[PDB]
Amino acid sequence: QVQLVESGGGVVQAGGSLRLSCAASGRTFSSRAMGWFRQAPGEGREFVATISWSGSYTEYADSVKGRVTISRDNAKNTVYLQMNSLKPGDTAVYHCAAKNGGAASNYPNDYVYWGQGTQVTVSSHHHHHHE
């Protein structure tokens, strides 16, 4: 019942900025807490940020605090993740996740609905894109 699509990923410069956004199926979004999680090519899930139903409570991990900000527009049924001063160590598929209830969570297993994820690549120099 809760479909999620992430937008805003891509190739960035180190020290640059990026706004991930995740649209949700509506209906229940306003009564649900959301989370941003990330998955590096060589690993499992990593907690990034989470947010209360209302937005009153937010929480970010040690590796991203200060650099990133999570927000939501319950009217638009979207959750945003404003990343700034990026580092090559942010390079991961950023998934967006919804859980039941209005309390935030750093625990991935709480979350039941998961987005397919959006690729973010941070680098000081990159190779690809032909004609």
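Just count from 1 along the sequence shown to find any residue number.
Once the C-alpha B-factors are averaged per stretch, 5-13 and 104-112 rank with 5-13 first. The mean Cα B-factor in the deposited entry runs higher for 62-70 than for the other of 95-103 and 62-70. Listed residues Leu81, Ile51, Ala40, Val48 were ranked by CA B-factor as deposited; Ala40 comes out on top. In this PDB entry, the Cα temperature factor of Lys87 sits in the top third of its chain's modelled residues, the highest group.
Per the PDB record, residue ranking by Cα B-factor puts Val120 in the middle third of the chain. Among the modelled residues of its chain, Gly44 has a C-alpha B-factor that falls in the highest third according to the deposited record. Ranked by C-alpha B-factor against the other modelled residues of its chain, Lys76 falls in the middle third.
Per the deposited record, the Cα B-factor of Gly35 falls in the lowest third when ranked against the other modelled residues of its chain.
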